[PDB]
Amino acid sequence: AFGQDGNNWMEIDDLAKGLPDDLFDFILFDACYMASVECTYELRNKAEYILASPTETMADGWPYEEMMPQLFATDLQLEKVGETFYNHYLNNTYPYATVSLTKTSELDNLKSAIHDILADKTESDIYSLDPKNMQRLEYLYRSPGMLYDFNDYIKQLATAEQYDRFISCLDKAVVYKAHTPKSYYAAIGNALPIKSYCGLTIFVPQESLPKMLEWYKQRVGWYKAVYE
């Protein structure tokens, strides 16, 4: 979800409804967890570029003072803005930050590469994966671990040929990424290492989370796009 107003939140499909099509050049999420392949896909017609963090961001947020001339530059380069964010946190008391820049025009091709891997996969195939072999990128309160590194998940399921195609498409879509050595998670009060990093998270369906999968099927466009 995105955006808390009292008790009310925007679900990812509601956020897509709150945004006009093909108006914004970019959306910058100063918010945790928004560099999610599903979220970027849901918002693919809402911007040309999505600049966001796949993990949590410190409360101080993005370095607006330093970013300002970059955001308003005649030759806007969002990779520079992302680098300003990263370099700020790298040199901060709490050096914990992840960032990625997604080029939405390349998401349809990436979807096809992922569809060709996941559409024939069964619950048995997916539930056979051991989460311990993939980089976890989310530690929400009471979560058993739902969001993992996108590359790590796909690498576990793809044939070598499929994987090569995926990497070619991934590199066209994720045009810039950076991470500090560790990422900090509020619910655990600790920072944990990032050993594998592509810039985007994905849901890893697990046998203990059938209700989460049912909701994802019904409400997250990516599911029907790549699993069916």
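Just count from 1 along the sequence shown to find any residue number.
Asker: Using only C-alpha atoms and the B-factors in the entry, which stretch averages higher, 109-117 or 81-89?
Answerer: Going by the record's values, the stretch with the higher mean is 81-89.
Asker: When the Cα temperature factors in the entry are averaged, is it 93-101 or 146-154 that ends up higher?
Answerer: 93-101 has the higher mean C-alpha B-factor.
Asker: In this PDB entry, which of 187, 50, 31, 178 has the top CA B-factor?
Answerer: Answer, based on the entry's C-alpha B-factors: 187.
Asker: Against its chain's modelled residues, does residue 216's Cα B factor rank lowest, middle or highest third?
Answerer: Lowest third.
Asker: Give the position of residue 19 by CA B-factor within its chain, expressed as the lowest, middle or highest third.
Answerer: CA B-factor rank for residue 19: middle third.
Asker: Taking the C-alpha B-factors as the PDB entry records them, is residue 57 in the lowest, middle or highest third of its chain?
Answerer: CA B-factor rank for residue 57: highest third.
Asker: Residue 161: which third of its chain by C-alpha temperature factor?
Answerer: Its C-alpha B-factor, which the entry lists for residue 161, ranks in the highest third among residues of this chain.
Asker: Based on the entry's values, in what third of the chain does the Cα temperature factor of residue 76 lie: lowest, middle or highest?
Answerer: CA B-factor rank for residue 76: highest third.
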